[PDB]
Amino acid sequence: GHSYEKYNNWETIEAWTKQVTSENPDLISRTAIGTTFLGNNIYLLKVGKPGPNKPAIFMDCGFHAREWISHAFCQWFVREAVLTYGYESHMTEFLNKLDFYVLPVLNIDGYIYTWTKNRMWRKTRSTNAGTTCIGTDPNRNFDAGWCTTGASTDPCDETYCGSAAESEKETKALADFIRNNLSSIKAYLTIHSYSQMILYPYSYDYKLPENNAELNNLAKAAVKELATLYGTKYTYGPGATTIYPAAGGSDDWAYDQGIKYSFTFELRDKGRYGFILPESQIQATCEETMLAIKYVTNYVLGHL
Ligand SMILES: CC(C)[C@H](NC(=O)OCc1ccccc1)P(=O)(O)O[C@H](C(=O)O)c1cccc(CN)c1
Ligand SMILES: [Zn+2]
């Protein structure tokens, strides 16, 4: 069975996407936006009070297989949306005015692999010509300074950038969806762990984005808000200087598509448990992250 306070395997998350939609058709629609290399269904949940010509925020989780708290957050977010709509004024306004496109797990094949074989797997599970080595790093696979820095051209490496930008079915599916909905998508949020950071462009170069001041102020306010709940301290800034250079990232790509609010979240912790964050921290991690996500949503909505 599914639990919001445990890590759930893909079979369970999939059944959950169907169940939560079936139980809340007036707040959620489910579509598949493509298949993974191994033929799993890439679900996208449109969360919001349905209506004509609404703006949108796009959020994905599960780019990287071992970052289990990421997957857990997208599920937590959806329950908060459906349970508090109509009761909590902010979420009610959010869902009335805009849609959240929530992609609960992008790299499903890798996620399944962390359950069945190797808990520390990161990449996709696609084959590579000429080698037995498996997988591409999805967050090096976007057309954003592709493979120019902080990425490897070797399929056997953890940061393999792929045979070409969008070579992976999963990243092509995500990019295709965003390109087809650029007019409506006002913010792009991509959830990773760990490090307790909010990052914004750029990661493929040390150059700063045109609205750097605004993004910094927004990130600063969001981390302050997150800390109000349990005292958890986040840092923030441009990807390249705040953590390390990493070309081909989805946040940089989305930004260069014209989505002016583009953020990578790095959730708990700072290395004590790393990727193996105990289930006993899921609730607190998700609740504080909610505050930051809602702060950003409120800001974006107020600036349309
Ligand atoms: C502990 C976190 C920082 C994660 N990093 C990570 O697992 O690094 C593994 C690694 C292994 C070998 C070489 C280089 C890196 P992740 O969430 O994967 O960091 C991402 C990424 O590497 O895709 C990240 C790092 C820097 C900037 C961005 C935003 N574009 C995103
Ligand atoms: Zn990651």
Side-chain angles (χ1 to χ4, degrees), residues 58-74 103 105-108 110-111 113-114 118-124 133 135-162 165 168 170-171 174-175 178 187-209 212 215-216 219 234-257 259 261-277 285 289:
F58 186 100
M59 179 169 74
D60 59 62
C61 297
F63 250 69
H64 286 141
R66 61 195 178 188
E67 296 168 14
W68 284 11
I69 189 58
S70 171
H71 312 62
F73 178 70
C74 270
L103 201 170
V105 185
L106 179 64
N107 179 11
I108 296 158
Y111 187 60
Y113 201 73
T114 60
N118 196 315
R119 174 66 178 77
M120 286 289 288
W121 192 256
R122 164 187 176 85
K123 295 188 293 178
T124 64
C133 291
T136 292
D137 183 345
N139 213 27
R140 301 292 183 279
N141 196 230
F142 286 76
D143 199 23
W146 178 74
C147 219
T148 61
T149 181
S152 175
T153 64
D154 194 326
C156 299
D157 295 354
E158 284 285 273
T159 57
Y160 180 44
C161 66
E168 300 306 275
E170 300 87 353
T171 57
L174 182 157
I178 292 185
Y188 172 77
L189 311 174
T190 182
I191 309 298
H192 287 247
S193 73
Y194 56 94
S195 268
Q196 298 179 192
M197 296 176 183
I198 294 180
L199 314 175
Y200 53 87
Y202 285 98
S203 293
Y204 70 74
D205 188 38
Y206 285 111
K207 67 179 178 182
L208 297 177
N212 173 68
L215 294 179
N216 194 262
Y234 270 52
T235 54
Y236 59 90
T241 59
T242 303
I243 173 183
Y244 50 73
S250 58
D251 59 345
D252 285 350
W253 175 79
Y255 181 84
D256 281 345
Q257 288 292 290
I259 300 172
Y261 302 105
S262 186
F263 293 111
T264 294
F265 282 67
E266 293 289 349
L267 310 188
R268 296 195 191 178
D269 53 16
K270 291 197 64 61
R272 169 85 183 286
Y273 289 103
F275 303 116
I276 319 301
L277 193 73
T285 298
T289 302

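Order of listing sets the numbers, starting from 1, for every ligand and every atom in it. FYI, side chains are in, hydrogens and waters are out, and symmetry mates aren't considered; it's all heavy atoms of this structure. Quick note: residue numbers are just sequence positions, from 1.
- Nearest protein heavy-atom contact of atom 29 (C) of ligand 1 is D251 OD2, 3.1 Å.
- Here the heavy atom of the protein found nearest to atom 11 (C) of ligand 1 is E158 CB, 4.2 Å.
- Distance from atom 18 (O) of ligand 1 to its nearest protein heavy atom, with residue and atom name: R122 NH1, 2.8 Å.
- Residue contacts with ligand 1: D252 is excluded, as none of its non-hydrogen atoms falls under 4.0 Å.
- For the Zn ion (ligand 2), the N/O/S atoms of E266 include none lying under 2.8 Å.
- Residues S250 and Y188 bring a donor and an acceptor atom of their side chains to less than 3.5 Å of each other.
- In terms of polar-atom proximity, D137 is not counted as a contact of ligand 1, lacking any N or O under 3.5 Å from an N or O of the ligand.
- In this structure, the ring of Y202 has its center less than 6.0 angstrom from the ring center of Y255.
- In this structure, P201 and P209 approach most closely via the heavy-atom pair O-CD, 3.1 Å.
- If you check which protein heavy atom lies closest to atom 31 (C) of ligand 1, you get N139 ND2, 3.6 Å.
- Inter-residue side-chain proximity for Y236 and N216 is flagged as met; some heavy-atom pair is nearer than 4.5 Å.
- Within ligand 1, counting atoms from 1 as listed, the ones closer than 4.0 Å to a heavy atom of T264 are 29 (C).
- Among protein heavy atoms, atom 20 (C) of ligand 1 sits closest to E266 OE2, 3.8 Å.
- Counting heavy atoms from C-beta on, the side chains of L267 and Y234 come closer than 4.5 Å.
- Those atoms of ligand 1 with a heavy atom of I243 less than 4.0 angstrom away are 3 (C), 25 (C), 26 (C), 27 (C).
- Residue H192 approaches the Zn ion (ligand 2) most closely through its N/O/S atom ND1.
- How far SG of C74 is from CG of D60: 7.0 Å, rounded to the nearest 0.5 Å.
- Contact atoms of ligand 1 toward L199: 27 (C), 28 (C) (distance under 4.0 Å to a heavy atom of the residue).
- Atom 22 (O) of ligand 1 has its nearest heavy-atom neighbour, among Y255, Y244, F265, in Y244.
- Ligand 1 has an N or O atom lying under 3.5 Å from an N or O atom of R66, backbone or side chain.
- Counting heavy atoms under 4.0 Å from ligand 1, residue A240 does not touch it at all.
- When each atom of ligand 1 is checked for a heavy atom of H64 under 4.0 Å away, the hits are 18 (O), 21 (C), 23 (O).
- In terms of protein heavy-atom proximity, atom 1 (C) of ligand 1 is closest to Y194 O, 3.2 Å.
- In this structure, the side chains of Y194 and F275 come closer than 4.5 Å at one or more pairs of heavy atoms.
- Across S152 and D157, no two heavy atoms sit closer than the pair OG-OD2, 2.6 Å.
- Heavy-atom separations between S193 and ligand 1 include at least one value shorter than 4.0 Å.
- Only the side chain of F275 comes within contact range of ligand 1, with a heavy atom under 4.0 Å; no backbone atom does.
- For the pair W121 and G110, the tightest heavy-atom approach, listed with the atom from each and the gap, is CD1-CA, 3.9 Å.
- Rounded to the nearest 0.5 angstrom, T124 OG1 and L106 CG are separated by 9.5 Å.
- For the residue pair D251 / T264, a side-chain donor-acceptor distance below 3.5 Å is found, with atom types taken as modelled.
- Evaluated for a side-chain contact (heavy atoms from CB on, under 4.5 Å) with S193, the options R66, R268, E67 yield exactly one hit, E67.
- Ligand 1 has an N or O atom lying under 3.5 Å from an N or O atom of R140, backbone or side chain.
- Remark: minimum distance from atom 27 (C) of ligand 1 to any protein heavy atom is reached at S203 OG, 3.3 Å.
- Draw a line from the Zn ion (ligand 2) to ND1 of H64 and another to OE1 of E67, and the angle between them is 110° (to 10°).
- The distance from the NZ atom of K123 to the OH atom of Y160 is 8.5 Å, given to the nearest 0.5 Å.
- Residue, atom and distance of the protein heavy atom nearest to atom 14 (C) of ligand 1 are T159 CG2, 3.5 Å.
- Contact check for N107 versus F63: no side-chain heavy atoms found under the 4.5 Å cut-off.
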